[PDB]
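Beneath this line is the structure, given in structure tokens, with notes to follow.
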Amino acid sequence: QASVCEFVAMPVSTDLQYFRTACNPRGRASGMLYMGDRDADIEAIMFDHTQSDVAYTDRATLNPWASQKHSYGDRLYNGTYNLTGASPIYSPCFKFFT
Amino acid sequence: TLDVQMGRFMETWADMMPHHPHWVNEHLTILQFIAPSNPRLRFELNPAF
Amino acid sequence: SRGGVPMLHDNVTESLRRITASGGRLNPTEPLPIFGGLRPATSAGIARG
């Protein structure tokens, strides 16, 4: 069975040492795993770019084209806005953006 | 006659800008642009806009 | 830390602290609370310790 490849745009001057380990395709590490103070912290991890990244703690996000609240990759691949809903093909990075 | 217009622009421009413009700071490297202290970071979303 | 000899112009110290705050994760809070401990602004979750 042929597996589809989804393409995410990002700047050319990208630190290549990110992709040499187990990385995140969104460009900013995120998720359910980091909590301990309140309930409205998942959105602050995933979208608030005032504070730095949780994993690589010297920057906000590797790409600013697929990481913000309403960026290109987030407007295209997030399941909430449902742009690719008429597509009958599975998107392999739906789970990383929703 | 393009003299009076340039003079009016130079007179108005001496106090039109009270701070540094955000589109002329293009000497930033990638590590400083990407850092969260950059106020221009939240306005860079699409690659064509 | 507080206690040393401050610089003569307050705007010089304000500009220096604002530039220093860029490029650093830990920073004092923006209002600079007088009669306080200057606690750094807490962040969200912790990844690797």
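Chains as they are written, first to last, in the authors' numbering: chain A, 1200 to 1297; chain B, 515 to 563; chain C, 1151 to 1199.
Where is the CB? At the ideal position from N, CA and C, for every residue including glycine.
*Determine the burial state of C:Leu1182: buried for a count of at least 16 other Cβ atoms within 10 Å of its Cβ, exposed for fewer.*
exposed
*Residue ranges of each alpha helix (DSSP H) run of no fewer than 4 residues wholly in the segment 1218-1284 of chain A, ordered along the chain?*
1241-1246, 1271-1276
*Could you list the residues in the segment 1152-1175 of chain C with a C-beta less than 8 Å from some C-beta on chain B, going in chain order?*
Cβ contacts with chain B: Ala1171, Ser1172, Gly1173.
*Taking 8 Å as the cut-off, decide whether the C-beta atoms of A:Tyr1271 and A:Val1203 are in contact.*
no
_Output needed for B:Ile548: all residues of its chain with C-beta closer than 8 Å, excluding positions within five of it in sequence on either side, in chain order._
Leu555
*Within the present structure, is the beta-carbon of B:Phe557 separated from the nearest heavy atom of the ligand SAH by less than 7 Å?*
Only the bare structure without any ligand can be found here, which leaves the ligand SAH out of the picture.
*What's the gap between the Cα of A:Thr1279 and the Cα of A:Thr1213?*
28 Å
*Nearest-angstrom beta carbon gap, A:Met1234 and C:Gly1199 [assumed within contact, 8 Å]*: The pair is not a contact, with the Cβ atoms about 16 Å apart (cut-off 8 Å).
_Endpoints, the alpha helix (DSSP H) within which C:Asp1160 is located_ = 1160-1171
*Which term fits A:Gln1216, buried or exposed, when burial requires 16 or more other beta carbons within 10 angstroms of its beta carbon?*
exposed
*Flag B:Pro553 as yes if its beta-carbon sits less than 8 Å from any beta-carbon of chain A, otherwise no.*
no
*B:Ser551 to A:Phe1293, Cα distance in whole Å?*
30 Å
*Cβ of residue 469 of chain B within 8 Å of any chain A Cβ*: Lying before the first or after the last residue shown, residue 469 of chain B is absent from chain B, which here runs from 515 to 563.
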